[PDB]
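>>> Once you've seen the sequence and the experimental structure below, I've got questions.
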Amino acid sequence: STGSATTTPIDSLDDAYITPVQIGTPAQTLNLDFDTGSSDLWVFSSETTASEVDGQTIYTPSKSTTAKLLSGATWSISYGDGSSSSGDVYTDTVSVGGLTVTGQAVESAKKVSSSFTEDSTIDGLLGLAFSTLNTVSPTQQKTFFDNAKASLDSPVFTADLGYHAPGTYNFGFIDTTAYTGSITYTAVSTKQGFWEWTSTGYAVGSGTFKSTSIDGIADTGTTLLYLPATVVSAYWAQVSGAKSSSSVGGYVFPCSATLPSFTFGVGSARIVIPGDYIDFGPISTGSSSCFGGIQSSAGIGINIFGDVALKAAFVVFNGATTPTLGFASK
């Protein structure tokens with residue numbers, strides 16, 4: 001089997017991407033944030049504290065003939081951005097782009113943090129990291145991809161995120177029309193539960209490539225590119241007037257600037273992030289100070305190849321017995 005679904009930016013800045021997901025019978029379609037940095041499929045629901053729901057579409061398990069309470073199971077997650085959610089668990093039929101999993105753990109939120117409430121466009125998350133990170137207790141649950149894997153034509157999914165445009169998540173096949181040149185594959189460590197890999201270096205604009213190992217995670221659920229302070233300083237040093245602002249919470253730059261590209265290495269291959277992808281617009285409405293899309297990972301504890309990086313590539317998440325990651329230009 002295979003699946004193919006379009007993923008759409010939630011706003012004009014590509015702050016996140018939502019993908020429609022069918023849950024239950026009859027189908028209830030929710031727009032979920034596909035997140036290769038976590039491993040829970042959780043949704044706003046009929047059980048979510050009413051004051052914490054603000055415009056989201058909810059899953060109502062009582063209206064699904066295939067929903068079953070997973071007795072005794074609870075979940076609770078905190079994300080790297082400080083947001084969180086928790087609740088109980090149902091199993092139900094879940095389909096993505098034509099690919100159907102029966103008995104998928106659907107984690108129903110009883111509580112969500114304000115960040116989730118305040119974002120009307122995201123109805124929940126669909127985790128695509130390794131199932132070892134799943135938070136369901138006392139019986140850990142498998143991700144959608146893990147459940148689908150054996151049935152897929154090939155045990156892979158691909159992320160093809162657009163810049164200020166829709167893109168595609170495919171399951172079970174590699175669309176050879178969706179990228180240019182060849183796909184370069186690189187080793188993955190699953191030790192921390194993430195799609196963790198090592199970039200071979202970077203360049204700023206038309207500058208020379210610096211060969212240096214940068215361990216980080218491929219994370220579709222993180223907006224920006226978080227890299228070591230040395231790398232980030234080298235980038236912003238090429239933008240007149242750019243500075244790290246403790247009050248804003250990162251590098252800002254004059255909105256009048258033209259940003260240089262940023263290149264990262266995948267083995268001997270190179271992925272070029274155009275300068276425009278690194279512009280996240282005014283820090284507040286009407287400001288002439290703009291927020292940068294490349295930020296320091298210092299104090300995160302890990303480097304994160306988030307959407308800024310991934311949307312410059314066609315990315316293969318290869319879930320074979322020994323997982324790997326593939327990157328192609330597009």
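Sure thing, it's come through. Residues are numbered from 1 along each chain as shown.
>>> what residues are up against the nearest residue to residue 306 once chain neighbours are set aside?
In space, and not counting its chain neighbours, residue 306 is closest to residue 222: 3.4 Å by CB to CB, 6 or more residues apart in numbering. Heads up, the C-betas are built off the backbone N, CA and C, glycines and all. Neighbouring residues of residue 222 by CB atoms under 8 Å, 6 or more residues apart in numbering: 37, 80, 304, 306-307.
>>> Show the buried residues in those residues.
37, 304, 306-307 (16 or more other CB atoms under 10 Å).
>>> between the residues you listed, which is closest to residue 322?
The shortest approach to residue 322 among the buried ones among the contacts of residue 222 belongs to residue 37, at 20.4 Å (CB to CB).
>>> can you pull the contacts of the closest one?
Residues near residue 37 by CB under 8 Å, 6+ apart: 80, 129, 194-195, 217, 219-222, 304.
>>> How about residue 172?
Contacts of residue 172 by CB under 8 Å, 6+ apart are 1-3, 99, 148, 151-157.
>>> can you do 7 Å?
1-3, 99, 152-154, 156 (CB atoms under 7 Å, 6 or more residues apart in numbering).
>>> repeat for residue 309
By CB under 7 Å, 6+ apart, residue 309 lies in contact with 225, 264, 273.
>>> which ones among those are found in helices?
When these are checked against helices (DSSP state H), there are no matches.
>>> Most neighbours out of these, which is it?
residue 225 (29 neighbours; other CB atoms under 10 Å).
>>> Can you tell me how far the residue nearest to residue 102 when sequence neighbours are not counted is from residue 20?
Using CB to CB, 6+ apart and skipping residues adjacent in sequence, the residue nearest residue 102 is residue 93, 5.1 Å away. Using CB to CB, to the nearest Å, residue 93 is found at 15 Å from residue 20.
>>> List only buried entries from the contacts of residue 172.
By neighbour count, with 16+ other CB under 10 Å, these hold 2-3, 99, 152, 156 as buried.
>>> Mind splitting the chain into its structural domains?
As given by curated CATH domains, the domain ranges for the chain are 5-174, 175-330.
>>> Run the chain-centre distance for the last one.
I take that to be domain 175-330. Its chain's average C-alpha position is 13 Å from that of domain 175-330, according to CA atoms, centre = their mean, to the nearest Å.
>>> Same question for stretch 155-172.
Mean C-alpha position of stretch 155-172 versus that of the full chain (CA atoms, centre = their mean) differs by 11 Å.
>>> buried stuff in that stretch?
155-162, 167-172.
>>> Would you mind giving the residues you listed as a markdown table with secondary structure and distance to residue 48 added?
A markdown table is the format used below for the buried residues of stretch 155-172 (DSSP: H, G, I helix; E, B strand; the rest coil; distance: CB to CB, whole Å):
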| residue | secondary structure | distance to residue 48 |
| --- | --- | --- |
| 155 | coil | 34 |
| 156 | strand | 33 |
| 157 | strand | 28 |
| 158 | strand | 32 |
| 159 | strand | 28 |
| 160 | strand | 31 |
| 161 | coil | 28 |
| 162 | coil | 30 |
| 167 | strand | 28 |
| 168 | strand | 29 |
| 169 | strand | 25 |
| 170 | strand | 31 |
| 171 | strand | 28 |
| 172 | coil | 32 |
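>>> Which two of these have the greatest separation?
Checking the buried residues of stretch 155-172 with CB to CB, the most distant pair is 155 and 162, at 25.1 Å.
>>> For the residue lying closest to residue 274 once chain neighbours are set aside, grab the count of nearby residues.
For residue 274, ignoring the flanking residues on the chain, the nearest one in space by CB to CB, 6+ apart is residue 261 at 5.4 Å. Neighbours of residue 261 under the rule other CB under 10 Å: 18.
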